[PDB]
Each structure stands twice: as C-alpha cells, then as structure tokens.
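Undergrad: Once you've had a glance at the structure underneath, I'll fire off some questions.
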Amino acid sequence: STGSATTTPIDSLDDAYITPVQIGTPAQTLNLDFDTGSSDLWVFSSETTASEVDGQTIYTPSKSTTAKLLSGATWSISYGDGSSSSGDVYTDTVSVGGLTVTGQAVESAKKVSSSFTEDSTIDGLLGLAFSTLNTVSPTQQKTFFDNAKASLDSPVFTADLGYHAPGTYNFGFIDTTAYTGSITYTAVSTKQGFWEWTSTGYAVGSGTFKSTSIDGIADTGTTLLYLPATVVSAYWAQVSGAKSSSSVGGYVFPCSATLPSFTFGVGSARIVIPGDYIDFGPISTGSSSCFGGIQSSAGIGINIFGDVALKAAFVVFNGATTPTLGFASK
C-alpha cells in the first residue's frame, strides 16, 4: 500500500504545516501537524476542556462506530517549546492520503496548554519519531508509521515541505519526480528516539565549506534551524546589524537586509537553504526588527534540523531494519 497527502503552511511564515487526516467511521477529518520529533498521535476532542478549545476541529469518539476506549491508558507530553497536552486513549481507524491503519492509538486530549488553544489551525499532532518515545501508559503505543510499515510497498515516508507553498507527505514510496539529482543517505541513531544524524559541515553564503560534524535531529515539528552557537554566530556575522537579543529570545536582524544562504552537508552532498527561507518577519507587527530562522541550540541540548532546513530538501525517512535518512535537492 501507499499514501500521499498534501501538507499546507498554517500561516504566511511557514510556522508549521497541517495535513488532513481521517479518523473514525464515518470519517472525521482533522488537520494534524506531522511531527518527526515526537511519537504521539493526539487530537483535540469532545473530551477537551471547553475553555481550552478555540476554533479547532474536534474528534468525537462517541460518533465513530470503530472507536474503542483503550481501557486504563493515559498520556501526557511536553514539547521542547514548553507546550504540553494530556488525556486518555481510544483505538480507531486512521487514514492519511488513502493509507489506512486499523487499531491506531488516537490520544484524546483532556487538557492542552495555551499555545495549542491559541492556534486554531492545528487540530492535533501526528508523531513520526520512533515509538520508543510514545507517552501512553501503562502500555506504550505505536506510531501511525510503525503500524502501517508492514503493509507499505517500501518501509519509508518522505517529507517534501514547501516554502510559502503546499508540499507533500508520502508513505510507502519515493516519488522520483519530486527531487533533482540523487538522494544522499546518511546514518541514523535511534538511541534517543529521534531521526538523529550527523551533518558533515556548513557554509555561509558563497563562503567556503567548513567540514565539521554536527549531530542533530530531523524534526518537521520544529519551525527553525537550531545549531551550535559557533555556527550561528558565523552566519549572523554576515548580516549587517544582526544581533542576539536576550529580550526577544534570539538573533534578530534589520528587516531591510538581504540574507545570505546557508548550506549544510549530507555526506559529500550539500543542501542550500536560500536566504529568504531564514526570514521570519517582524518581531512584532510593524517592527523593522526581523526574527532569524537560524538560532542557537545552546539552551536546548540538541541541534534541530527543523522546517527551515527540511523545506530546502526532499527528505526520506527510511524505516528499514536499520533506519537511515536521505536528502535530495529539489
């Protein structure tokens, strides 16, 4: 089997991407944030505290003839941005782009933190990291990809995120028309539950490539590119007037600037992030200070190849017995 679904930016900055997902019988379509940095499929629901729902579409398990309470199971998750959610668990039929999994754990939110409530465009998350990170207790549950894998033509999914435009998530096949050149594959460590890999270095603009190992995670659920302070300082030093602002929470730059590109290494291959992809616009409405799309990971504990980096590539998440990642230009 295969599936193919379009993913759409939630706003003019590409802060996140939403993909329609069919849950239950008859189908209830919710727009979920596909997140290769976490491993829970959770949704706003008829159980979510009413004051914490503000415009989202909800899953109502009582209206699904295939929903079943997973008795005793609870979940609770905290994300790197400080947001969180928790609740109980149903199993139900879940389809993405024509690919159907029966018995998928659908984690129904009873509580969500303010950032989720405040984003009316995201109805929940669909985790695509390794199932060892799934938070359901006392019986850990599998991701949608893990459940679908055996049925797929090939045990893979691909992320093809657009810059200011829709893109595609494919399951079970690699669309050879969706990228240019060849795909370069690189090793993955699953030890932390992430799609964790080692970039071979970087360049700033037209500068020379610096060969240096940068361990990090491929995370579709993180907006920006978070890298070591040395790398980030070298990038922003090429932008007149750029500075790190403790009050804003990262590097800012004059909105009048033209930003240089940023290149990262994948083995001997190179992925080029155009300068425009690094512009996240005014820090507040009408400001002439703009927020940078490359930020330091020094306070995180891990480097994160988020959407800024991934949208410059066609990315293969290879879930073979030994997982690997592939990157191609596009």
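Chain labels follow the order of the structure tokens: the first chain is A, the next B, and so on; residue numbering restarts at 1 in every chain, and ligands are counted from 1 in their shown order.
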Residues of stretch 240-316 of chain A that have any atom at most 6 Å from an atom of stretch 148-169 of chain A: could you tabulate them with the shortest-distance atom pair and the distance in Å to one decimal, using only C-alpha atoms, ordered by chain and increasing number, as a tab-separated table?
TA:
residue	atom	partner	partner_atom	distance
A:311	CA	A:161	CA	4.6
A:314	CA	A:160	CA	5.0
A:315	CA	A:159	CA	5.2
A:316	CA	A:158	CA	4.5
Undergrad: Per residue of stretch 118-158 of chain A within 12 Å of stretch 195-218 of chain A, note the shortest atom pair and the distance in Å to one decimal, counting only C-alpha atoms, and order the rows by chain and increasing residue number, as a tab-separated table.
TA:
residue	atom	partner	partner_atom	distance
A:127	CA	A:195	CA	11.9
A:128	CA	A:195	CA	9.2
A:129	CA	A:195	CA	6.5
A:130	CA	A:195	CA	7.8
A:131	CA	A:195	CA	11.5
A:133	CA	A:195	CA	11.6
A:158	CA	A:218	CA	11.8
Undergrad: Looking at only C-alpha atoms, which of A:309, A:69, A:187, A:53 is the one that sits closest to residue A:118?
TA: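 Checking each candidate against residue A:118, we get A:53 as the closest.
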Undergrad: Restrict the calculation to only C-alpha atoms, then for each residue of stretch 182-300 of chain A with any atom at most 12 Å from an atom of stretch 70-94 of chain A give the closest atom pair and their distance in Å to one decimal, rows by chain and rising residue number, as JSON lines.
TA:
{"residue": "A:219", "atom": "CA", "partner": "A:80", "partner_atom": "CA", "distance": 11.3}
{"residue": "A:221", "atom": "CA", "partner": "A:79", "partner_atom": "CA", "distance": 9.9}
{"residue": "A:222", "atom": "CA", "partner": "A:80", "partner_atom": "CA", "distance": 8.8}
{"residue": "A:223", "atom": "CA", "partner": "A:81", "partner_atom": "CA", "distance": 10.6}
{"residue": "A:224", "atom": "CA", "partner": "A:81", "partner_atom": "CA", "distance": 11.6}
{"residue": "A:226", "atom": "CA", "partner": "A:80", "partner_atom": "CA", "distance": 11.9}
{"residue": "A:297", "atom": "CA", "partner": "A:80", "partner_atom": "CA", "distance": 11.3}
{"residue": "A:299", "atom": "CA", "partner": "A:80", "partner_atom": "CA", "distance": 10.6}
{"residue": "A:300", "atom": "CA", "partner": "A:80", "partner_atom": "CA", "distance": 7.8}
Undergrad: Could you write out that same residue set with N, CA, C and O atoms as a PDB file, in the first residue's frame?
TA:
ATOM      1  N   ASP A 219      13.462  17.216  12.268  1.00  0.00           N
ATOM      2  CA  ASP A 219      12.262  17.456  13.072  1.00  0.00           C
ATOM      3  C   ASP A 219      11.289  18.364  12.325  1.00  0.00           C
ATOM      4  O   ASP A 219      11.403  19.593  12.367  1.00  0.00           O
ATOM      5  N   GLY A 221       8.360  19.024  13.128  1.00  0.00           N
ATOM      6  CA  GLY A 221       7.545  19.736  14.079  1.00  0.00           C
ATOM      7  C   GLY A 221       8.201  20.927  14.734  1.00  0.00           C
ATOM      8  O   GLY A 221       7.570  21.569  15.580  1.00  0.00           O
ATOM      9  N   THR A 222       9.434  21.255  14.364  1.00  0.00           N
ATOM     10  CA  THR A 222      10.126  22.451  14.829  1.00  0.00           C
ATOM     11  C   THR A 222      10.256  23.403  13.646  1.00  0.00           C
ATOM     12  O   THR A 222      10.657  22.987  12.556  1.00  0.00           O
ATOM     13  N   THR A 223       9.924  24.686  13.863  1.00  0.00           N
ATOM     14  CA  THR A 223       9.912  25.648  12.764  1.00  0.00           C
ATOM     15  C   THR A 223      11.314  25.955  12.249  1.00  0.00           C
ATOM     16  O   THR A 223      11.531  26.027  11.031  1.00  0.00           O
ATOM     17  N   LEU A 224      12.248  26.233  13.157  1.00  0.00           N
ATOM     18  CA  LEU A 224      13.515  26.853  12.816  1.00  0.00           C
ATOM     19  C   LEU A 224      14.658  25.834  12.812  1.00  0.00           C
ATOM     20  O   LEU A 224      14.497  24.643  13.094  1.00  0.00           O
ATOM     21  N   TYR A 226      18.150  25.029  14.514  1.00  0.00           N
ATOM     22  CA  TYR A 226      18.887  25.286  15.748  1.00  0.00           C
ATOM     23  C   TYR A 226      20.233  24.574  15.694  1.00  0.00           C
ATOM     24  O   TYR A 226      20.283  23.340  15.611  1.00  0.00           O
ATOM     25  N   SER A 297      21.292  26.445  19.382  1.00  0.00           N
ATOM     26  CA  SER A 297      20.793  25.320  20.156  1.00  0.00           C
ATOM     27  C   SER A 297      21.392  25.253  21.555  1.00  0.00           C
ATOM     28  O   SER A 297      21.104  24.302  22.282  1.00  0.00           O
ATOM     29  N   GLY A 299      20.878  26.315  24.433  1.00  0.00           N
ATOM     30  CA  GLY A 299      19.996  26.097  25.560  1.00  0.00           C
ATOM     31  C   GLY A 299      19.052  24.925  25.425  1.00  0.00           C
ATOM     32  O   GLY A 299      18.215  24.713  26.309  1.00  0.00           O
ATOM     33  N   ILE A 300      19.160  24.156  24.344  1.00  0.00           N
ATOM     34  CA  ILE A 300      18.273  23.030  24.083  1.00  0.00           C
ATOM     35  C   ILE A 300      18.879  21.713  24.546  1.00  0.00           C
ATOM     36  O   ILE A 300      18.183  20.877  25.126  1.00  0.00           O
TER      37      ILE A 300
END
Undergrad: I need the residue nearest residue A:310 from this list: A:98, A:61, A:286, A:274. Use only C-alpha atoms for the distance.
TA: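 Ranking A:98, A:61, A:286, A:274 by distance to residue A:310, first place goes to A:274.
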